[PDB]
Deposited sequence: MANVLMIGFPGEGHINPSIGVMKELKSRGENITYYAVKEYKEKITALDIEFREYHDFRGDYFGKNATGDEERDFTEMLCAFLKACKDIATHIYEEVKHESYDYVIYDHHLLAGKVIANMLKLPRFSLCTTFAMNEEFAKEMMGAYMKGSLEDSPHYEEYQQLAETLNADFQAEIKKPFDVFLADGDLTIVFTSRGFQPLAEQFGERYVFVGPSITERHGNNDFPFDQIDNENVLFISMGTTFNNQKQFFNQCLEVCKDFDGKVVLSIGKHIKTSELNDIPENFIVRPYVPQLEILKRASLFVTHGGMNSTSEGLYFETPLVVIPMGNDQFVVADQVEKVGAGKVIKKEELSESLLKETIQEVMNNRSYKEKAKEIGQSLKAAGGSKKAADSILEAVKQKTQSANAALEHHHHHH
């Protein structure tokens, strides 16, 4: 079948969608993936028709974020529809957090599926998990009346079916694939059968082979990454250089793309410091993961039964951090308590710790049991089959 896929601008969005595209393609499907230019190689790598839309990141108040996401919906929906209108697609997949995806699905009159790369969210989750506060009342919010104008226009002119603010950021398809298990998902019981909890979507990405695996293959490996988004971090990597310099093995520091490695302090002789690592392959070989608590890093780590130390900074990280504390699989350091000493003690406590390893194994196994990129494909293709046979029953007119 012909599949329109519309991604969201961020690596933690794109990465889990790779497994599902790769599973769908190896089953006969031709895919057209829309993303921002940054992540092209990640899609070209799969041998999948790549296409672009304006990166709206390069251009925290709740009502402003609603309006930015509606401006972008309108631009993406217009741009993408202009290009796809004459093409023959059988269904659309899109990032749960990209409303334009649901709008494209409505303009093509096709079956659609959302991929949720965070925990599943309903009205019982705080705005703060999507990285927004309100100072006081919604009325006195600066973009309040703008939100009411744009939502209204997108409903009338774009079939955006926005009944509620949260519908801007949580765009349910006919199904919502969620990349966690009901086990790990807080308030799992509040999500019906249209939420398919498939756990993490793990498969070889391309770019991996450059890293020297032979240096870490028969060694203890401490892996550290604060993600792909939380910079302001040169301070923290400097602290990692001092805390871990006498580690008895290899320390793999992924510092991200906005900090030159020469801008840090002296690298000890036992460190491999890169802007980007093949995280899946590093986790395969890692004893311990010091992570920011990003949904994907956290659930990639547990998938490899890696005990964690989680230093959460923003967005959903507090909620995922707390889920790691809850299931026994790791230990959280609050930013306010972060110090070289407490970083060193926390790593020494969790390294090789029988109790953290057991609990990491349990939740790791809950997450694998959810069926992964494979389950995402069975569930989607089966929904498509039923709606095709349903709609293909135009043998009355």
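Quick one: where does the model skip the deposited sequence? Comparing the full sequence with the modelled residues, the uncovered ranges come out as 1, 61-71, 410-414.
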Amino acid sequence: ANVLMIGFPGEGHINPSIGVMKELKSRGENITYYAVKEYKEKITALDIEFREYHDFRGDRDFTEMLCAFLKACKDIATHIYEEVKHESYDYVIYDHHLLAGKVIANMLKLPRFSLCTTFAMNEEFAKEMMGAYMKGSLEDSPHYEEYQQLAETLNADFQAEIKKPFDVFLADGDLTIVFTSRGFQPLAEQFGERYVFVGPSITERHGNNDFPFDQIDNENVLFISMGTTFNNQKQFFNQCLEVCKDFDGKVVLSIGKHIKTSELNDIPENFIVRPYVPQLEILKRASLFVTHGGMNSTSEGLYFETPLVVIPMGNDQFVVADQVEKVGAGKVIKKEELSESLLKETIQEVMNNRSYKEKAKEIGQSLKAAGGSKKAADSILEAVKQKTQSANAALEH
From here on, numbers count along this sequence of modelled residues.
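Would you mind comparing 255-263 and 315-323 for me and telling me which has the higher average C-alpha temperature factor in the entry? Comparing averages over the C-alpha atoms only gives 255-263.
On average, are the C-alpha B-factors higher in 376-384 or in 7-15? Between 376-384 and 7-15, it is 376-384.
Sort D90, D95, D167, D246 by C-alpha B-factor from the entry and give me just the highest. Spelled out: the listed residue with the top C-alpha B-factor is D246.
According to the deposited entry, which of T176, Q149, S287, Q279 has the largest Cα B-factor? Largest recorded C-alpha B-factor: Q149.
Could you tell me which third, lowest, middle or highest, the C-alpha B-factor of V221 occupies within its chain? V221: CA B-factor falls in the middle third of its chain.
What third of its chain, lowest, middle or highest, does the C-alpha temperature factor of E83 fall into? Middle third of the chain for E83's C-alpha B-factor.
Is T153 in the lowest, middle or highest third of its chain when residues are ranked by C-alpha B-factor? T153: CA B-factor falls in the middle third of its chain.
Could you look up the Cα B-factor of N106 in the entry and say which third of the chain it sits in: lowest, middle or highest? Its C-alpha B-factor belongs to the lowest third of this chain's values.
Check where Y133 lands among this chain's C-alpha B-factors and tell me if it's the lowest, middle or highest third. Ranked within chain, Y133 CA B lands in the highest tercile.
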